Every structure is written in structure tokens, then in C-alpha cells.
Amino acid sequence: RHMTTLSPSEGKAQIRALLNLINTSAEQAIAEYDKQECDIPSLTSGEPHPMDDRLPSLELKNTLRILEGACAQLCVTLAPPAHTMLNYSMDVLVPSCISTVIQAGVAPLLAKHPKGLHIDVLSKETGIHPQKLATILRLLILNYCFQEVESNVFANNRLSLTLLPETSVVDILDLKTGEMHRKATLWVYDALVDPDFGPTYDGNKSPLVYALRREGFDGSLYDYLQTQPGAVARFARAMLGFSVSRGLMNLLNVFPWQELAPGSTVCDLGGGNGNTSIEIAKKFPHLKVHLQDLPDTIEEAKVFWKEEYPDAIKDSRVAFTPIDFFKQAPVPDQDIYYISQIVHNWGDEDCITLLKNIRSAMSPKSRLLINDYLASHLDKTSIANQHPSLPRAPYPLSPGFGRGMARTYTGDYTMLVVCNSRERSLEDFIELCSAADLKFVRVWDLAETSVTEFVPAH
Amino acid sequence: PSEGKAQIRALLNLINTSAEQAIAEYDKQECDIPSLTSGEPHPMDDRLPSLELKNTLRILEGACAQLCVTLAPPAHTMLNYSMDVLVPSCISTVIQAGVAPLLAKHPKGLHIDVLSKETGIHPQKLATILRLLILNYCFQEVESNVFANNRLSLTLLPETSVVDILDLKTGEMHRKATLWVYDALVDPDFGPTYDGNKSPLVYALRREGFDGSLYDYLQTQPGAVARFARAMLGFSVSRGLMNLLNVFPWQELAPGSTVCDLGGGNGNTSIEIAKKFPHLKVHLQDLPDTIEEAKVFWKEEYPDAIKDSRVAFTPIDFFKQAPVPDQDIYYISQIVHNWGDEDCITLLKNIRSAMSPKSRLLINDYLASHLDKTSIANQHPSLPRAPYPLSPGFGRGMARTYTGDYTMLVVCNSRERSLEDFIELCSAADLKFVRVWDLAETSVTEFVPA
Ligand SMILES: NCCC[C@H](N)C(=O)O
Ligand code: NA
Ligand code: NA
């Protein structure tokens, strides 16, 4: 129409530019589906789309960042503030419903009956009152998870299929919506102003540990998981699925592993089982990988590598060396030292200690890759003056990608309430590395976390 | 070419045209587009949102949500859903910490260290909380580590008609209501019934040694009953329920027609009806103490209606006695969704027994309709229809109907009802369904004596 141009203003120009971002991003997402020769996904189909279990392309993830940011900004601009804030206040409800239907096994039950089940059958099988379960299901269905095929007859759709026990994402969805995460957010303010739990970032003083203490539990997160049967393996699968659902394997496509000389060494410092190094070695057979972690984890990793990629052990392309990376330096003269989701778990002093340990082991050919969210400040000046190798949100998105980069900030807050740690900005990382005589090179954007590269300064 | 591509482009068209019409709604009041960085309220922030704006927002939000969820991988969307507890947690925390009033006293903005000193919260932790809110357009960072209010955080000021409902919905009691929902639902005592003392909230409160209803619990907490009453009023105001005045055709009733505000408390709704439509007479009926309070309220806010003999007050227990007879309109709002079927049918038969052949009953409540394609395709023509290709209905655009129902379950052990549920109850009370009057929030369903 003409409503953006009849009585012109800067605000109308910004609305029209948001509309342009939405339209062009949607067309680019269509192009991504065309590139893979796939049709557009359906929210009513009862079977997965071919790309549901595939690594999302970098282009699709960047597109979605812009599309989600622009849609969110457009709606929040045009709606009355009380409307948006009321909806925010009720956003706890959908994750509550997800946890409830996971506990009730609704999605596997519906997978046994793909054409759908009447709500009385679901009630008989779950033990939940049929109208209460229908209330839960309809809130999820309104949000495109499950579907109502006839009145009071419910079926799976492509979003509820992520809740099947076999998928790679059900465990992280179960953990993030689960009772432990709900306890972590139950008394956040009280923990933050508590004279003992408030002032420090100590591991045993998170809001989760505060809630556990307040209910009579003695022990940290670790101990709490150990006391819950089958919960440590649940947490491990959840971490793996958190990496998978976020498309972190796009590392393999962003950093130029193919341009490293044959025989180059990648030291996966603190890589646990080496789930990343194993993919690097599988995809780039000209590289050698070194897994370093705690001795027990190193034995688990030897078994894991024997399971999944014995060829690397037979070819002498994988090596394993135990380490406590706070007390000893890693193996020297590696071409790459890779640390992923390690810095955001420790305070500044321990990080500087680890960074100095890494720096002491490096040669002129060495570099350090840090895989972590970059939790940038949200003022216009910080965003404008960021390093040009960082992705920049297009006009008129603000702050940055807005909701399009939500997981950087929901991640940070999660780190606070569950682990009492924090994500850091690019400036924070540069300052820590500079204290360890490491000079910044550039950011390798994964459209989720970022891989920042540093080299020995002197 | 493909149906999926055509649906994506139809969603784009819905987004474009709905945004255009939202702009037209701002132009109609000679207002510019609101700003997400401005430190002062937009002139329409405290105004009743027009029916047209709420309609286009239903479409715009439903279409944006459906577009993003269609194009994103399911794991991406579900991961973001799984983290949706965090923003309300942050809202509750900044409310308890008083960040918005503090920033109101210093409109330029405050450094994070000043906010930390004033709130007792570590500055980097407070910064994490604030930045999650700010990414969602609540508050803003004007300079690095210097934060200020914006138009969304202004809703958190103590004087607003929305801060109390936001405080309640994000607060500790509501967090306890969603703590153990599954366990409550499969428990053989809490699961099978809708008894007031068997809600998921009460299930969680048992672990503190409490047992009773929500009303009992509120009376154990200092200042909780008053905060709850303020929150209910503010929930009504912030949802634009006063669009009742603009949807039901009060001006098409003949002068002298009577409106019986049944269970209307102080008469907050009927006093606005009486002011906008002086040709109507209002009869307010509620509990005796409430009726005396309402007399005081009307003497303070609309004494002309008392001088002109346009408002009457008659105490009632509407489960035990019939309302005053032969009124043109009987109006009940947010009552049915608080009671079970048997009590509702009792109240409806009481109302029916008082009606004359010309009387109508208006029920204001959410219509928690079924979401299958057949129910939606064959719904009553008076219901709003979501345009192609929105599904189910308006999708996320009508979220508050379905977050309302779930809220009623976990906090109150009650439920919203579908249109068919309402029609069946009223038919059991010898009331025939006429039509729905869409408020673009709740709905007002009309019934007549059969
Ligand atoms: N016959 C099916 C009734 C479903 C109807 N749309 C309702 O939700 O009221
Ligand atoms: Na649970
Ligand atoms: Na704007």
C-alpha cells in the first residue's frame, strides 16, 4: 500500500526497511531449501523434512538471524508495550508444557499411532486428566508443536518429533525445560542479594545451588547429578545435543582446515571425548589431532575413538595426552590449540592462567582458536565500533541482530543461574589474551558461537 | 510454483499488509511510529488499543511466528522455546530490584556500578540480566555499561496499570505454579479433579507445609491480597477489555435499556458503559460489602449516574439467588472461567429464571477453541477467521487465549472453555446461542432465553 510513504518519517522508513529485511531473508531461506533440492518444510506433515537432521548451512543460519531479528523488532515496535510485556511474562508456560509432555511420553506414544490418538486414550496412557492434557497440548500446538487432526485427536508434527527419545536434541530440550533448570530460576533475586551467594562467581554459589541448599540439599551441580540415577549420562548427551542443535559443526566449514599444510597438528585442549577433533580428523585426513584432557576423560576418549574412528589410531593421526590445563602447559609447537566452551566456565584469573599455559607452549607457527559466544554490549557505540571481522546486523536491526542473536544472551543468563559463570564480549577476550601475551587476529563467525583467533604476540 | 513457496509468499503478504494497517492505526490518531529507544511514553502507550490494531497484531504476530518456524530447523525453534523461562525470570528480578524506578529518577541513564551499589547485585550479573531484557527491547544500553529506561521498561514503574500483573505473572508464586506440573497431574489426589486446593501451585506449596486454596495462601502473605486485586484490574486494563464498549452495539439498544452487571465488583466496567452511553441504566449486583464499596466508587467517579437514577445496587449471592428480573442485558465477565460445570449451570439457570423474552446474556471470557482444521473451518460465522495461510487459527497471534487456559490450570485449577463448552452449559440452562462478539482478546458470547 502507501502507509509507509503517505506521511513520511524516519520511523516509517525503518518499518519499511524491516519489511524489506523480512522479505529478502525469507527469499534467501527459500533459496537454501532450493539449493538442497528440498521443498519448503510443512508444519502439518507427520514425518521429518530431509533437512531436519542435517547441519544447517551457514547461509541459512545468517538468514534466520536477520529474519527473526526483523520480525521481532517489527512486532515489538507496532504493538503496545503492555501487550508485548504481558506476552513476555507468560513465556515460562511453553517450556513448562514441553517438560510435561516429555515426562508424559506424549510424542513416542503418538509415534506408535501416527494418524493420531483421541485425548481419552492419551489420558488413559499418561494418567493425566484429559482436559488438563488438552490444555497443555493446545498451547504447544498453537506454537506449531504437535497438531490437532480432529477435535480432541492429537498427532505429532515435525517439531514434536524432536521430542522422540532417539533424536539428538531431546536430551537438551529435556534438560533446559526440566525441573533442575526450573529450580535454577526459582529464587534468582534472593541468591543475587544473599550476602554469601551474591558477591562472587564461585561455582558452588549459583542460584541453582542456592535453591538446592534452601530445599535441604548439600552438594554442587556435579554432586546433584551424581545422586540422580542416570543423570550424568543424560547431561552428557544433552551437551552433545546442544552442540548438534546449534550447528556448531559449521566450524568444519568456516575455518580453513583445508588450507593447513599436510601434517598440521590440532591440539583439542579440554575436548572431552574429542567429539570435535574426531569430526576434524574424519573430514580432513591430512591433519593430526591431539586430544588433551583429564586422565579419566582421556581413557574414555580412547574408548570413544576406538568406537567411532579407529582408522585415526591405526594411522597414528590421533594422539592422547592427559593434562590439567590449569597446572601444566599443553604439548608444545602445535599448529592449532583449540578450546571450545571452556573459557565461559571459569573466572578471569583461571582463564589468564590457562591462556599463559597455552602461550608458553606455542611456537611462531602456533595459533589459538577460542570457540565461544561473544556477548557484546548493546549500545550503539559498541556495536558500531566492533571489529570489522564480526558479523554486523543490517539496517535497521538493533541492538545488533536483536532477537536474532538471542542464544548469546539466553546462554549467558543460563551460565549465570546454572553454573555461576558468564559469557564474555570480544573486548573481554582480547584483554585476557593480551594479559597472556596473545595478539588478536580475527573472528571466524559460525552464526551461533564465534571462533576467535589469536597468535603469540612476541 | 510449489504450494510451500506460495504459502511463504502469502505469509509475507500478510506481514506487509498487517504492518501497513498498523501504521494506519497510528496515523488515525496523528501519531508517529513508536520508538524503542525513546525515554518517554508514546501518546498511545496508556490508551485503549483500537480493535483494528489488535486485529492486525493478531495477524502480524501469527504470520511472523509461522514464517520463522516454517523456515527454521525444528531443533532451532524448539531450543529457543526451551529457553523462554529466562526473560520472565529477568523481568521478575529487575522488578524486585527496582531497576526501572531507579532509572526513572535518573532519566539520562546510570552506570552499572551505581545500579549495583543501589540494588546489592553484582554488576556483571545485573548486566547479564539487563542485556537479555534489552535484546528483547526492554530497557536499553545508552553507552557501554550505562543503562536507561525505554518504553517497554516504563511498564515496570510502580504507577502503571500493568506493573502489578507483570510482577504477579513473573513472580515467585507463579514460578512455584510451574515447578512440578507433571507430578501434580499424575498424583492420584491432585490429578483427577479441578478442586481449588488441588492446583499445581498448591502441589508445590505443600513442600512448604501449606495446604489450602490460593485465597488462603494469599492471606498468609503480607499485602498479597491487595496486590492480587490490583493485578487482576491491571490484567483487564492491559488487555484492552474495555473494547467491549466499542464491539457490542450498545448504541443500538433503545434508550432506557437496562444492563445488569452481575458479579461486577465495584462496577468498573458498567461505570464506563454508563458514561459512554447515557441512554442506558445500570444495575450492579455483587456481595453486600462489595456493593457498599461500589456505592462509594460510583459516588466518587460518576455521581451524575446516581443523581439521574441511572445506577442501582442490589446485593446478591448469584449461586443462591436469581438476579433482578426483566433486564435487557445481563453481563458476566471472567466469572465462568473460575468455576466448574455444575456451579456454572446453577448460575446460568439463576440468570435464565430472571430473564424476560427480550433479555440477552453476555458472557465475557476467552474461547479456548479446538485447533483442528475441521472445527476451525466450520466455526460460527461471527467468529474472526484467520486469513490464509495462518494455522491453527491465528497461531501465536492468539496466544493469550491458550496461555490464559494453562495459567488458569496451574495457578487456579480452573479452565477456559471452548465455544462448544459454553453453548452446552447455556443449553443446559435453557439458553440459546446467538453469536460471538470478538474483542480481539476475550470474546463476548450472546445468549437468549430459548
Ligand atoms: N464439533 C467440534 C467443536 C469444536 C469447536 N470449534 C469448538 O472449539 O467449540
Ligand atoms: Na519434573
Ligand atoms: Na523505530
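Excluded from the calculations below are hydrogen atoms, water molecules and symmetry mates; all remaining heavy atoms, backbone and side chain alike, are included. Residue numbering restarts at 1 for every chain, and letters A, B, ... go by the order of the sequence lines.
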Tell me if a side-chain donor or acceptor on [X] pairs with a main-chain N or O of [Y] at a distance below 3.5 Å.
| X | Y | answer |
| --- | --- | --- |
| B:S391 | B:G393 | no |
| A:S42 | A:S45 | yes |
| A:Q147 | A:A155 | no |
| A:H344 | A:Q341 | yes |
| A:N157 | A:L159 | yes |
| A:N250 | A:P56 | yes |
| A:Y201 | B:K125 | yes |
| B:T403 | B:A399 | yes |
| B:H370 | B:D372 | no |
| A:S123 | A:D120 | no |

Looking at side-chain heavy atoms only, is the closest gap between [X] and [Y] below 4.5 Å?
| X | Y | result |
| --- | --- | --- |
| A:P114 | A:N156 | no |
| B:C138 | B:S153 | yes |
| B:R415 | B:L409 | no |
| A:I98 | B:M78 | yes |
| A:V106 | A:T100 | no |
| A:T408 | A:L374 | no |
| A:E68 | B:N80 | yes |
| B:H76 | A:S245 | no |

Per the salt bridge (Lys or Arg N to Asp or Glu O under 4.0 Å) rule, what does the pair list look like for [range], sequence neighbours excluded?
| range | value |
| --- | --- |
| residues 184-194 of chain B | B:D189-B:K198 |
| residues 399-414 of chain A | A:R407-A:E448 |
| residues 176-186 of chain B | B:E172-B:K176, B:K176-B:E208 |

* Strictly by modelled atom types, are A:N371 and A:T449 linked by a side-chain donor-acceptor pair under 3.5 Å? ->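 Yes, A:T449 and A:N371 have a side-chain donor paired with an acceptor closer than 3.5 Å.
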* Polar contact flag, side-chain donor to acceptor under 3.5 angstrom, B:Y406-A:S96 -> yes
Rounded to the nearest 0.5 Å, what's the gap from [atom1] on [X] to [atom2] on [Y]? Could you check?
| X | Y | atom1 | atom2 | answer |
| --- | --- | --- | --- | --- |
| A:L133 | A:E125 | CG | CD | 12.0 Å |
| A:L140 | A:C97 | CG | SG | 5.0 Å |
| A:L240 | A:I172 | CG | CD1 | 10.5 Å |
| B:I95 | B:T170 | CD1 | OG1 | 4.5 Å |
| A:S450 | A:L251 | OG | CG | 11.5 Å |
| A:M415 | A:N420 | CE | CG | 10.0 Å |

Looking only at heavy atoms, what is the nearest atom pair of [X] and [Y], with distance?
| X | Y | answer |
| --- | --- | --- |
| B:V162 | B:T155 | CG1-O, 3.2 Å |
| B:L132 | B:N136 | O-ND2, 3.1 Å |
| B:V186 | A:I128 | CG1-CG1, 3.9 Å |
| A:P165 | A:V170 | O-CG1, 3.8 Å |
| A:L378 | A:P399 | O-CB, 3.5 Å |
| B:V94 | B:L156 | CG2-CD1, 4.0 Å |

* Asked: Under the side-chain hydrogen bond (donor to acceptor under 3.5 Å, both in side chains) rule, what pairs show up with a residue in residues 109-118 of chain A, not counting sequence neighbours?
  ->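 Listed once each, the pairs would be none.
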* To do: For side chain to side chain contact (heavy atoms under 4.5 Å, CB included), just list the numbers for A:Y144 and B:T77, CA-CA rounded to whole Å, side-chain angles, deciding distance to a tenth of an Å, and then say yes or no.
  => CA-CA 10 Å; A:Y144 319 105; B:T77 302; over 6 Å; no
* To do: With salt bridge (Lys or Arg N to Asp or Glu O under 4.0 Å) as the test, would you mind laying out the steps for A:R234 and A:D174 before giving the verdict?
  => CA-CA 9 Å; A:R234 203 272 300 259; A:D174 183 24; 2.9 Å; yes
* To do: Taking the six-membered ring for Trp and the full ring for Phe, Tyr or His, determine whether the centres of A:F146 and A:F154 are under 6.0 Å apart.
  =>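 So the answer is no for these two rings.
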* Quick one: do A:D372 and A:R424 make a salt bridge, cutoff under 4.0 Å? -> no
* **A:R213/A:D218 ion pair, N-O < 4.0 Å** =>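 The answer is no: the pair does not qualify as a salt bridge.
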* A:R182: partners by salt bridge (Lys or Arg N to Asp or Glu O under 4.0 Å), with sequence neighbours left out -> none
* Under the side chain to side chain contact (heavy atoms under 4.5 Å, CB included) criterion, do A:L212 and A:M180 qualify, and how do the steps go? -> CA-CA 9 Å; A:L212 293 179; A:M180 188 177 90; 5.8 Å; no
* So A:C419 and A:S206, side chain to side chain contact (heavy atoms under 4.5 Å, CB included) or not? Walk me through it. -> CA-CA 6 Å; A:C419 308; A:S206 63; over 6 Å; no
Is NZ or CZ of [X] both nearer than 6.0 Å to the six-membered ring centre of [Y] and within 45° of the ring axis?
| X | Y | result |
| --- | --- | --- |
| A:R246 | A:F242 | yes |
| A:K176 | B:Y81 | no |
| A:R214 | A:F217 | no |
| A:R138 | B:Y402 | no |

* Check against side chain to side chain contact (heavy atoms under 4.5 Å, CB included), A:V153 and A:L117 -> CA-CA 5 Å; A:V153 185; A:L117 281 175; 5.7 Å; no
* When B:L86 is tested against each of A:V92, A:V188, A:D91, A:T185 for side-chain contact (heavy atoms from CB on, under 4.5 Å), which residue passes? ->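 For B:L86, the side-chain contact (heavy atoms from CB on, under 4.5 Å) check succeeds only for A:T185.
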* Among all residues two or more places apart in sequence or in another chain, which pass the side-chain hydrogen bond (donor to acceptor under 3.5 Å, both in side chains) test with B:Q124? -> none
